[PDB]
Amino acid sequence: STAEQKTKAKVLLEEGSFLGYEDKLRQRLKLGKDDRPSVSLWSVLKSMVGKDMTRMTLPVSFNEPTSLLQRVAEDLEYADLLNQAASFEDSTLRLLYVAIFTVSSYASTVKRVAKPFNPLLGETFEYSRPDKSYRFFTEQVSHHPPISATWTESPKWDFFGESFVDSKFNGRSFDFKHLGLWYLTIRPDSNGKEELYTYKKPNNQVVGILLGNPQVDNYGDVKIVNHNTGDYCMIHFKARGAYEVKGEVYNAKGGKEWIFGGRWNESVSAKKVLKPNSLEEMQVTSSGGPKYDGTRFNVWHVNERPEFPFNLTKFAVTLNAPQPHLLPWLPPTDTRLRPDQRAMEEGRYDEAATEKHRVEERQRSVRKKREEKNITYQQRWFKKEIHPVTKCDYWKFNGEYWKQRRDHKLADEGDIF
Ligand SMILES: CC(C)CCC[C@@H](C)[C@H]1CC[C@H]2[C@@H]3CC=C4C[C@@H](O)CC[C@]4(C)[C@H]3CC[C@]12C
């Protein structure tokens, strides 16, 4: 452990980042299954051509009892890849593992063709994992348009960014573009000061709507750049004509150092590129770690996925869990306390519809009162600032949430549910 890692581990512990997380992870929902009818997507969407996801009303069969705040937290499912990245002295090998981390979060999107809850303005979600030594926090900082800010902290890595999803049903497919920038900081075990990576997420689309078999497809080009070295990585999620992803990792001089590829719903493998000028890309068996001699090595495989209601992954089941020892620590804004989403999770769809209307009406009335008094809305835990390395606006976490939580100062921090 380097000095800056222990420094970071010290701050996480003093701030009480893991208090309240003593209960064993949630393993299953109360519901065993559910039989929301399978309503045809097209039958619903044919009347709503040109609308945004947040501008459409839908049957419960097309709703999922997670918040957008928690879907973003599913970035962290395979975050062990980031500690693995931290351990490598070769900076392009760090990039290779950082790159595959960005790819690994799309396996969980398969089979969930459903709308997550649109977080209320000021809604928040915390999630700490003592067994991994990371803490995650997010706040819904904007409602028109919907935007979430995240901030994840661990001894060997940080990860934060803006979730600004812009969506459009064009009458054939449902397209989702991710407009915010993502920041991934590594504190290497050796040979390297703290280093920053930035990238933007690929696009998603729902297709097969016309055919009667709607499918989540992720697609597009991704560029990760190490602002300190500065290696870079090209990733290509192939559009459905889906599942294939390939990537190439370069040093700062343009030398192709590594390539990787696989199916982002299954597994990704990689190999060392020996001639830096090669244009070889990954053609779509060592499970012992990275190889420098040019043989292929596995890097990521998808977790096993038991059947759950709403086709949740195992990681996703742990997110909305109203753990008994956690609830006393939470602010009133935490997604675990949101009542329409809770009732939905437990299969009570009319109570969910009733509570959704109530909290949405309140949100609207608070907004109208602000406008009538010329009151500018202020986020509670984040402030928009200009990032020094990228010179982009980002949501800077104000550092107060985990210490105020530690000190039980959150009871009055919001009233939206
Ligand atoms: C009306 C219904 C059928 C529309 C359903 C659209 C679904 C597939 C869309 C809408 C919101 C989308 C999510 C929005 C944000 C993220 C975070 C990103 O880091 C990974 C993809 C992920 C998790 C998206 C997956 C696909 C998603 C869940």
# chains A, B, ... in the order shown; residues from 1 in each chain; ligands from 1

$ residues_near_ligand --ligand "ligand 1" --cutoff "8 Å" --atoms "only C-alpha atoms and all ligand atoms" --output "PyMOL selection string"
chain A and resi 41+45+53+56+58+62-63+68+71-72+74-75+105-106+108-109+112-116+163+165+167+174+176+178+201+204-206+216

$ residues_around --residues "residue A:331" --least-positions-apart "4" --cutoff "12 Å" --atoms "only C-alpha atoms" --output "PyMOL selection string"
chain A and resi 122-126+137+139+326-327+335-338+380-381+401-402+404-417

$ residues_around --residues "residue A:160" --least-positions-apart "5" --cutoff "12 Å" --atoms "only C-alpha atoms" --output "PyMOL selection string"
chain A and resi 72-73+75-76+135-139+148-154+180-185+196-200+382+387+394-397

$ residues_around --residues "residue A:244" --least-positions-apart "2" --cutoff "12 Å" --atoms "only C-alpha atoms" --output "short mmCIF file (atom, residue, chain, number, x, y, z; two decimals) with N, CA, C and O atoms, in the first residue's frame"
data_model
loop_
_atom_site.label_atom_id
_atom_site.label_comp_id
_atom_site.auth_asym_id
_atom_site.auth_seq_id
_atom_site.Cartn_x
_atom_site.Cartn_y
_atom_site.Cartn_z
N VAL A 103 -16.33 -1.52 -19.91
CA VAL A 103 -17.11 -2.45 -20.73
C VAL A 103 -17.98 -3.37 -19.86
O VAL A 103 -19.08 -3.76 -20.27
N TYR A 106 -22.08 -3.38 -18.94
CA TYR A 106 -23.22 -3.50 -19.85
C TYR A 106 -23.87 -4.88 -19.87
O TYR A 106 -24.98 -5.01 -20.40
N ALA A 107 -23.25 -5.89 -19.26
CA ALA A 107 -23.88 -7.21 -19.21
C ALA A 107 -25.19 -7.18 -18.45
O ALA A 107 -26.12 -7.94 -18.76
N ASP A 217 -29.44 -3.09 -26.75
CA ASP A 217 -28.21 -3.10 -27.52
C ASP A 217 -27.38 -1.90 -27.12
O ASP A 217 -27.89 -0.77 -27.02
N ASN A 218 -26.09 -2.12 -26.88
CA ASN A 218 -25.19 -1.02 -26.59
C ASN A 218 -24.22 -0.91 -27.74
O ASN A 218 -23.83 -1.91 -28.32
N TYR A 219 -23.84 0.32 -28.09
CA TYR A 219 -23.20 0.54 -29.37
C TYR A 219 -22.49 1.88 -29.36
O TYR A 219 -22.86 2.80 -28.63
N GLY A 220 -21.46 1.99 -30.21
CA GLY A 220 -20.76 3.23 -30.42
C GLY A 220 -19.29 3.12 -30.07
O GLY A 220 -18.77 2.07 -29.70
N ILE A 235 -12.45 1.93 -28.00
CA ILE A 235 -13.39 0.83 -27.81
C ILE A 235 -14.53 0.99 -28.81
O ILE A 235 -14.97 2.10 -29.10
N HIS A 236 -14.98 -0.13 -29.36
CA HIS A 236 -16.03 -0.15 -30.38
C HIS A 236 -17.04 -1.19 -29.93
O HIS A 236 -16.78 -2.39 -30.06
N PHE A 237 -18.15 -0.73 -29.36
CA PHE A 237 -19.33 -1.57 -29.16
C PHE A 237 -20.07 -1.63 -30.49
O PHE A 237 -20.43 -0.59 -31.05
N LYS A 238 -20.26 -2.83 -31.03
CA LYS A 238 -20.85 -2.90 -32.35
C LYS A 238 -22.36 -2.73 -32.23
O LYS A 238 -22.99 -3.26 -31.31
N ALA A 239 -22.92 -1.92 -33.12
CA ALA A 239 -24.37 -1.82 -33.21
C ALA A 239 -24.96 -3.08 -33.83
O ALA A 239 -24.36 -3.70 -34.71
N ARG A 240 -26.13 -3.47 -33.33
CA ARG A 240 -26.93 -4.51 -33.95
C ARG A 240 -27.19 -4.19 -35.42
O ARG A 240 -27.47 -3.04 -35.78
N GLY A 241 -27.08 -5.22 -36.26
CA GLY A 241 -27.46 -5.10 -37.66
C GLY A 241 -28.50 -6.12 -38.09
O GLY A 241 -28.28 -6.88 -39.04
N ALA A 242 -25.33 -7.06 -32.45
CA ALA A 242 -24.83 -6.52 -31.21
C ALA A 242 -23.97 -7.52 -30.48
O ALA A 242 -23.61 -8.55 -31.03
N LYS A 246 -14.70 -4.67 -29.22
CA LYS A 246 -13.26 -4.81 -29.43
C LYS A 246 -12.59 -3.53 -28.99
O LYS A 246 -13.22 -2.46 -28.96
N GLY A 247 -11.31 -3.62 -28.66
CA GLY A 247 -10.60 -2.46 -28.15
C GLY A 247 -9.13 -2.56 -28.44
O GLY A 247 -8.58 -3.65 -28.57
N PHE A 260 -8.14 -6.15 -27.07
CA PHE A 260 -9.07 -6.96 -26.31
C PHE A 260 -10.37 -7.06 -27.09
O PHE A 260 -10.67 -6.23 -27.96
N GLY A 261 -11.15 -8.07 -26.76
CA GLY A 261 -12.44 -8.23 -27.38
C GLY A 261 -13.19 -9.39 -26.78
O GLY A 261 -12.62 -10.26 -26.11
N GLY A 262 -14.50 -9.39 -27.04
CA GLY A 262 -15.38 -10.44 -26.58
C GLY A 262 -16.82 -10.02 -26.82
O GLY A 262 -17.10 -9.25 -27.74
N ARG A 263 -17.72 -10.52 -25.99
CA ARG A 263 -19.13 -10.15 -26.07
C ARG A 263 -19.51 -9.55 -24.74
O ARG A 263 -19.42 -10.23 -23.70
N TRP A 264 -19.90 -8.27 -24.75
CA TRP A 264 -20.14 -7.54 -23.50
C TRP A 264 -21.30 -8.11 -22.68
O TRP A 264 -21.56 -7.60 -21.59
N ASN A 265 -21.99 -9.14 -23.15
CA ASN A 265 -22.90 -9.90 -22.32
C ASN A 265 -22.28 -11.18 -21.78
O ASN A 265 -22.99 -11.98 -21.16
N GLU A 266 -20.98 -11.40 -21.99
CA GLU A 266 -20.41 -12.68 -21.61
C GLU A 266 -18.99 -12.58 -21.06
O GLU A 266 -18.77 -12.80 -19.86
N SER A 267 -18.01 -12.30 -21.91
CA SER A 267 -16.62 -12.28 -21.44
C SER A 267 -15.77 -11.47 -22.40
O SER A 267 -16.09 -11.34 -23.58
N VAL A 268 -14.69 -10.91 -21.88
CA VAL A 268 -13.71 -10.21 -22.70
C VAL A 268 -12.34 -10.80 -22.41
O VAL A 268 -12.01 -11.08 -21.25
N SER A 269 -11.55 -11.00 -23.47
CA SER A 269 -10.17 -11.47 -23.42
C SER A 269 -9.25 -10.43 -24.04
O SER A 269 -9.69 -9.57 -24.80
N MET A 282 -8.95 -7.63 -32.34
CA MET A 282 -9.28 -8.86 -31.65
C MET A 282 -10.23 -9.69 -32.50
O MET A 282 -11.24 -9.20 -32.99
N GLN A 283 -9.86 -10.96 -32.69
CA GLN A 283 -10.69 -11.91 -33.41
C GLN A 283 -11.73 -12.46 -32.45
O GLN A 283 -11.38 -13.04 -31.41
N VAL A 284 -13.00 -12.28 -32.78
CA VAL A 284 -14.08 -12.71 -31.91
C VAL A 284 -14.25 -14.23 -32.03
O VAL A 284 -15.25 -14.81 -31.61
#

$ residues_around --residues "stretch 80-91 of chain A" --least-positions-apart "6" --cutoff "8 Å" --atoms "only C-alpha atoms" --output "PDB file with N, CA, C and O atoms, in the first residue's frame"
ATOM      1  N   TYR A  97      -7.002  -2.550 -18.187  1.00  0.00           N
ATOM      2  CA  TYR A  97      -7.960  -2.990 -17.186  1.00  0.00           C
ATOM      3  C   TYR A  97      -9.005  -1.904 -16.890  1.00  0.00           C
ATOM      4  O   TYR A  97     -10.185  -2.217 -16.684  1.00  0.00           O
ATOM      5  N   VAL A  98      -8.604  -0.625 -16.906  1.00  0.00           N
ATOM      6  CA  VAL A  98      -9.579   0.461 -16.809  1.00  0.00           C
ATOM      7  C   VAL A  98     -10.579   0.378 -17.949  1.00  0.00           C
ATOM      8  O   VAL A  98     -11.794   0.543 -17.749  1.00  0.00           O
ATOM      9  N   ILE A 100     -11.508  -2.275 -19.707  1.00  0.00           N
ATOM     10  CA  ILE A 100     -12.418  -3.402 -19.594  1.00  0.00           C
ATOM     11  C   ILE A 100     -13.404  -3.192 -18.442  1.00  0.00           C
ATOM     12  O   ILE A 100     -14.532  -3.668 -18.505  1.00  0.00           O
ATOM     13  N   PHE A 101     -13.031  -2.419 -17.425  1.00  0.00           N
ATOM     14  CA  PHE A 101     -14.000  -2.046 -16.411  1.00  0.00           C
ATOM     15  C   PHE A 101     -15.167  -1.264 -17.016  1.00  0.00           C
ATOM     16  O   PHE A 101     -16.334  -1.542 -16.712  1.00  0.00           O
ATOM     17  N   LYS A 132     -15.060  -4.377   0.014  1.00  0.00           N
ATOM     18  CA  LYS A 132     -14.293  -3.848  -1.100  1.00  0.00           C
ATOM     19  C   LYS A 132     -13.658  -2.510  -0.771  1.00  0.00           C
ATOM     20  O   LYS A 132     -12.880  -1.998  -1.579  1.00  0.00           O
ATOM     21  N   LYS A 156      -7.544   2.759  -3.675  1.00  0.00           N
ATOM     22  CA  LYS A 156      -6.710   2.734  -4.870  1.00  0.00           C
ATOM     23  C   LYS A 156      -7.338   3.460  -6.060  1.00  0.00           C
ATOM     24  O   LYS A 156      -6.667   3.628  -7.089  1.00  0.00           O
ATOM     25  N   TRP A 157      -8.589   3.905  -5.953  1.00  0.00           N
ATOM     26  CA  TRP A 157      -9.233   4.526  -7.107  1.00  0.00           C
ATOM     27  C   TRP A 157     -10.436   5.330  -6.649  1.00  0.00           C
ATOM     28  O   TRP A 157     -11.052   5.013  -5.630  1.00  0.00           O
ATOM     29  N   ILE A 186      -6.762   6.614 -10.617  1.00  0.00           N
ATOM     30  CA  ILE A 186      -6.056   5.451 -10.092  1.00  0.00           C
ATOM     31  C   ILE A 186      -4.882   5.948  -9.254  1.00  0.00           C
ATOM     32  O   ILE A 186      -4.192   6.895  -9.648  1.00  0.00           O
ATOM     33  N   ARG A 187      -4.675   5.333  -8.082  1.00  0.00           N
ATOM     34  CA  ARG A 187      -3.474   5.557  -7.278  1.00  0.00           C
ATOM     35  C   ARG A 187      -2.644   4.287  -7.376  1.00  0.00           C
ATOM     36  O   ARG A 187      -2.859   3.337  -6.610  1.00  0.00           O
ATOM     37  N   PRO A 188      -1.692   4.215  -8.303  1.00  0.00           N
ATOM     38  CA  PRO A 188      -1.031   2.937  -8.590  1.00  0.00           C
ATOM     39  C   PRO A 188      -0.221   2.420  -7.409  1.00  0.00           C
ATOM     40  O   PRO A 188       0.283   3.179  -6.582  1.00  0.00           O
ATOM     41  N   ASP A 189      -0.102   1.096  -7.338  1.00  0.00           N
ATOM     42  CA  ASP A 189       0.779   0.496  -6.340  1.00  0.00           C
ATOM     43  C   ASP A 189       2.238   0.879  -6.564  1.00  0.00           C
ATOM     44  O   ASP A 189       3.015   0.941  -5.605  1.00  0.00           O
ATOM     45  N   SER A 190       2.635   1.149  -7.805  1.00  0.00           N
ATOM     46  CA  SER A 190       4.020   1.538  -8.043  1.00  0.00           C
ATOM     47  C   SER A 190       4.142   2.242  -9.384  1.00  0.00           C
ATOM     48  O   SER A 190       3.253   2.163 -10.235  1.00  0.00           O
ATOM     49  N   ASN A 191       5.274   2.922  -9.560  1.00  0.00           N
ATOM     50  CA  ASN A 191       5.671   3.472 -10.850  1.00  0.00           C
ATOM     51  C   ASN A 191       4.533   4.293 -11.462  1.00  0.00           C
ATOM     52  O   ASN A 191       3.904   3.920 -12.455  1.00  0.00           O
ATOM     53  N   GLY A 192       4.276   5.421 -10.817  1.00  0.00           N
ATOM     54  CA  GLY A 192       3.198   6.286 -11.240  1.00  0.00           C
ATOM     55  C   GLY A 192       2.564   7.067 -10.106  1.00  0.00           C
ATOM     56  O   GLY A 192       2.126   6.498  -9.102  1.00  0.00           O
ATOM     57  N   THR A 229      -0.204  10.329 -18.779  1.00  0.00           N
ATOM     58  CA  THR A 229       0.881   9.534 -19.362  1.00  0.00           C
ATOM     59  C   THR A 229       1.322   9.881 -20.806  1.00  0.00           C
ATOM     60  O   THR A 229       2.528   9.888 -21.050  1.00  0.00           O
ATOM     61  N   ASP A 231      -1.381   7.566 -22.421  1.00  0.00           N
ATOM     62  CA  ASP A 231      -1.941   6.497 -23.233  1.00  0.00           C
ATOM     63  C   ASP A 231      -3.424   6.770 -23.509  1.00  0.00           C
ATOM     64  O   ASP A 231      -4.060   7.619 -22.879  1.00  0.00           O
TER      65      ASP A 231
END

$ closest_residue --among "A:37, A:294, A:95, A:370" --to "residue A:248" --atoms "only C-alpha atoms"
A:95

$ select_by_dssp --residues "stretch 176-380 of chain A" --states "strand (DSSP E or B)" --output "PyMOL selection string"
chain A and resi 176-178+182-186+195-199+203-207+215-226+232-237+244-250+256-263+267-272+286+296-301+334

$ closest_residue --among "A:44, A:234, A:225, A:49" --to "residue A:390" --atoms "only C-alpha atoms"
A:225

$ closest_atom_pairs --of "stretch 91-171 of chain A" --to "stretch 342-362 of chain A" --cutoff "12 Å" --atoms "only C-alpha atoms" --output "tab-separated table"
residue	atom	partner	partner_atom	distance
A:116	CA	A:344	CA	11.2
A:117	CA	A:356	CA	9.7
A:118	CA	A:360	CA	10.2
A:119	CA	A:360	CA	10.1
A:120	CA	A:360	CA	7.8
A:121	CA	A:360	CA	10.0
A:123	CA	A:359	CA	11.5
A:143	CA	A:360	CA	11.3

$ closest_residue --among "A:334, A:52, A:221, A:194" --to "residue A:171" --atoms "only C-alpha atoms"
A:52

$ closest_residue --among "A:254, A:146, A:20, A:130" --to "residue A:54" --atoms "only C-alpha atoms"
A:146

$ atom_distance --atom1 "atom CA of residue A:59" --atom2 "atom CA of residue A:36"
9.3 Å

$ atom_distance --atom1 "atom CA of residue A:42" --atom2 "atom CA of residue A:307"
25.4 Å

$ select_by_dssp --residues "stretch 298-353 of chain A" --states "helix (DSSP H, G or I)" --output "JSON, numbers by chain"
{"A": [309, 310, 311, 314, 315, 316, 317, 327, 328, 329, 335, 336, 337, 339, 340, 341, 342, 343, 344, 345, 349, 350, 351, 352, 353]}

$ write_last_selection --atoms "N, CA and C atoms" --output "PDB file, in the first residue's frame"
ATOM      1  N   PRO A 309     -37.367 -11.527  -9.840  1.00  0.00           N
ATOM      2  CA  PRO A 309     -38.374 -10.625 -10.401  1.00  0.00           C
ATOM      3  C   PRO A 309     -37.696  -9.450 -11.092  1.00  0.00           C
ATOM      4  N   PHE A 310     -38.294  -9.011 -12.198  1.00  0.00           N
ATOM      5  CA  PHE A 310     -37.792  -7.876 -12.975  1.00  0.00           C
ATOM      6  C   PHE A 310     -36.420  -8.163 -13.578  1.00  0.00           C
ATOM      7  N   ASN A 311     -36.021  -9.438 -13.612  1.00  0.00           N
ATOM      8  CA  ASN A 311     -34.736  -9.894 -14.164  1.00  0.00           C
ATOM      9  C   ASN A 311     -33.544  -9.142 -13.582  1.00  0.00           C
ATOM     10  N   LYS A 314     -27.781 -10.136  -9.430  1.00  0.00           N
ATOM     11  CA  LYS A 314     -27.524 -10.273  -7.997  1.00  0.00           C
ATOM     12  C   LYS A 314     -27.009  -8.971  -7.404  1.00  0.00           C
ATOM     13  N   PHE A 315     -26.135  -8.270  -8.132  1.00  0.00           N
ATOM     14  CA  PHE A 315     -25.637  -7.000  -7.625  1.00  0.00           C
ATOM     15  C   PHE A 315     -26.776  -5.994  -7.475  1.00  0.00           C
ATOM     16  N   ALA A 316     -27.711  -6.000  -8.416  1.00  0.00           N
ATOM     17  CA  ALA A 316     -28.791  -5.026  -8.402  1.00  0.00           C
ATOM     18  C   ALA A 316     -29.752  -5.277  -7.246  1.00  0.00           C
ATOM     19  N   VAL A 317     -29.922  -6.532  -6.854  1.00  0.00           N
ATOM     20  CA  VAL A 317     -30.750  -6.875  -5.711  1.00  0.00           C
ATOM     21  C   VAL A 317     -30.238  -6.243  -4.425  1.00  0.00           C
ATOM     22  N   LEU A 327     -30.934   1.837   7.820  1.00  0.00           N
ATOM     23  CA  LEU A 327     -31.968   2.878   7.792  1.00  0.00           C
ATOM     24  C   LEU A 327     -31.760   4.022   8.788  1.00  0.00           C
ATOM     25  N   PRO A 328     -31.285   3.807  10.022  1.00  0.00           N
ATOM     26  CA  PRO A 328     -31.083   4.954  10.917  1.00  0.00           C
ATOM     27  C   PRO A 328     -30.071   5.969  10.422  1.00  0.00           C
ATOM     28  N   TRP A 329     -29.070   5.566   9.600  1.00  0.00           N
ATOM     29  CA  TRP A 329     -28.047   6.486   9.093  1.00  0.00           C
ATOM     30  C   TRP A 329     -28.497   7.329   7.899  1.00  0.00           C
ATOM     31  N   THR A 335     -32.899   6.830  -1.815  1.00  0.00           N
ATOM     32  CA  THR A 335     -33.804   6.050  -2.661  1.00  0.00           C
ATOM     33  C   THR A 335     -34.410   4.857  -1.926  1.00  0.00           C
ATOM     34  N   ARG A 336     -33.712   4.300  -0.931  1.00  0.00           N
ATOM     35  CA  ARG A 336     -34.306   3.174  -0.220  1.00  0.00           C
ATOM     36  C   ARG A 336     -35.621   3.547   0.465  1.00  0.00           C
ATOM     37  N   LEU A 337     -35.852   4.828   0.731  1.00  0.00           N
ATOM     38  CA  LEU A 337     -37.046   5.284   1.421  1.00  0.00           C
ATOM     39  C   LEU A 337     -38.129   5.744   0.456  1.00  0.00           C
ATOM     40  N   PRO A 339     -41.284   5.717  -1.593  1.00  0.00           N
ATOM     41  CA  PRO A 339     -42.383   4.788  -1.310  1.00  0.00           C
ATOM     42  C   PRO A 339     -43.028   4.194  -2.548  1.00  0.00           C
ATOM     43  N   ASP A 340     -43.117   4.922  -3.660  1.00  0.00           N
ATOM     44  CA  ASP A 340     -43.681   4.284  -4.846  1.00  0.00           C
ATOM     45  C   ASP A 340     -42.744   3.213  -5.387  1.00  0.00           C
ATOM     46  N   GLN A 341     -41.441   3.475  -5.352  1.00  0.00           N
ATOM     47  CA  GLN A 341     -40.480   2.482  -5.792  1.00  0.00           C
ATOM     48  C   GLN A 341     -40.464   1.277  -4.860  1.00  0.00           C
ATOM     49  N   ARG A 342     -40.587   1.505  -3.550  1.00  0.00           N
ATOM     50  CA  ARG A 342     -40.630   0.385  -2.611  1.00  0.00           C
ATOM     51  C   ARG A 342     -41.840  -0.496  -2.865  1.00  0.00           C
ATOM     52  N   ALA A 343     -43.020   0.122  -3.052  1.00  0.00           N
ATOM     53  CA  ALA A 343     -44.239  -0.662  -3.242  1.00  0.00           C
ATOM     54  C   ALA A 343     -44.168  -1.459  -4.523  1.00  0.00           C
ATOM     55  N   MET A 344     -43.602  -0.860  -5.568  1.00  0.00           N
ATOM     56  CA  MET A 344     -43.373  -1.563  -6.825  1.00  0.00           C
ATOM     57  C   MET A 344     -42.495  -2.787  -6.624  1.00  0.00           C
ATOM     58  N   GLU A 345     -41.392  -2.607  -5.900  1.00  0.00           N
ATOM     59  CA  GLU A 345     -40.488  -3.712  -5.641  1.00  0.00           C
ATOM     60  C   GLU A 345     -41.214  -4.865  -4.983  1.00  0.00           C
ATOM     61  N   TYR A 349     -48.622  -2.658  -7.266  1.00  0.00           N
ATOM     62  CA  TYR A 349     -48.519  -1.713  -8.366  1.00  0.00           C
ATOM     63  C   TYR A 349     -49.506  -0.565  -8.258  1.00  0.00           C
ATOM     64  N   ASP A 350     -50.685  -0.793  -7.673  1.00  0.00           N
ATOM     65  CA  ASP A 350     -51.604   0.323  -7.460  1.00  0.00           C
ATOM     66  C   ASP A 350     -51.122   1.237  -6.345  1.00  0.00           C
ATOM     67  N   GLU A 351     -50.573   0.683  -5.264  1.00  0.00           N
ATOM     68  CA  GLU A 351     -50.000   1.575  -4.265  1.00  0.00           C
ATOM     69  C   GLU A 351     -48.855   2.390  -4.860  1.00  0.00           C
ATOM     70  N   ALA A 352     -48.006   1.745  -5.679  1.00  0.00           N
ATOM     71  CA  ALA A 352     -46.941   2.439  -6.398  1.00  0.00           C
ATOM     72  C   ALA A 352     -47.497   3.559  -7.270  1.00  0.00           C
ATOM     73  N   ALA A 353     -48.554   3.281  -8.043  1.00  0.00           N
ATOM     74  CA  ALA A 353     -49.112   4.338  -8.873  1.00  0.00           C
ATOM     75  C   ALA A 353     -49.650   5.473  -8.008  1.00  0.00           C
TER      76      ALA A 353
END

$ atom_distance --atom1 "atom CA of residue A:299" --atom2 "atom CA of residue A:256"
18.3 Å

$ closest_residue --among "A:325, A:259, A:23, A:48" --to "residue A:278" --atoms "only C-alpha atoms"
A:259

$ decode --residues "stretch 315-336 of chain A" --atoms "C-alpha atoms" --output "short mmCIF file (atom, residue, chain, number, x, y, z; two decimals), in the first residue's frame"
data_model
loop_
_atom_site.label_atom_id
_atom_site.label_comp_id
_atom_site.auth_asym_id
_atom_site.auth_seq_id
_atom_site.Cartn_x
_atom_site.Cartn_y
_atom_site.Cartn_z
CA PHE A 315 -25.64 -7.00 -7.63
CA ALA A 316 -28.79 -5.03 -8.40
CA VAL A 317 -30.75 -6.87 -5.71
CA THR A 318 -28.40 -5.46 -3.06
CA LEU A 319 -28.95 -1.82 -4.05
CA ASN A 320 -32.49 -0.98 -2.91
CA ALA A 321 -32.26 -3.09 0.24
CA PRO A 322 -33.72 -1.40 3.30
CA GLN A 323 -31.12 -3.06 5.50
CA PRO A 324 -32.15 -2.89 9.20
CA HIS A 325 -28.88 -1.40 10.46
CA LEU A 326 -28.63 1.03 7.57
CA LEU A 327 -31.97 2.88 7.79
CA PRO A 328 -31.08 4.95 10.92
CA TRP A 329 -28.05 6.49 9.09
CA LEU A 330 -29.87 7.53 5.90
CA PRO A 331 -31.01 11.04 4.90
CA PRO A 332 -34.75 11.42 4.17
CA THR A 333 -33.79 11.67 0.46
CA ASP A 334 -32.27 8.19 0.09
CA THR A 335 -33.80 6.05 -2.66
CA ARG A 336 -34.31 3.17 -0.22
#
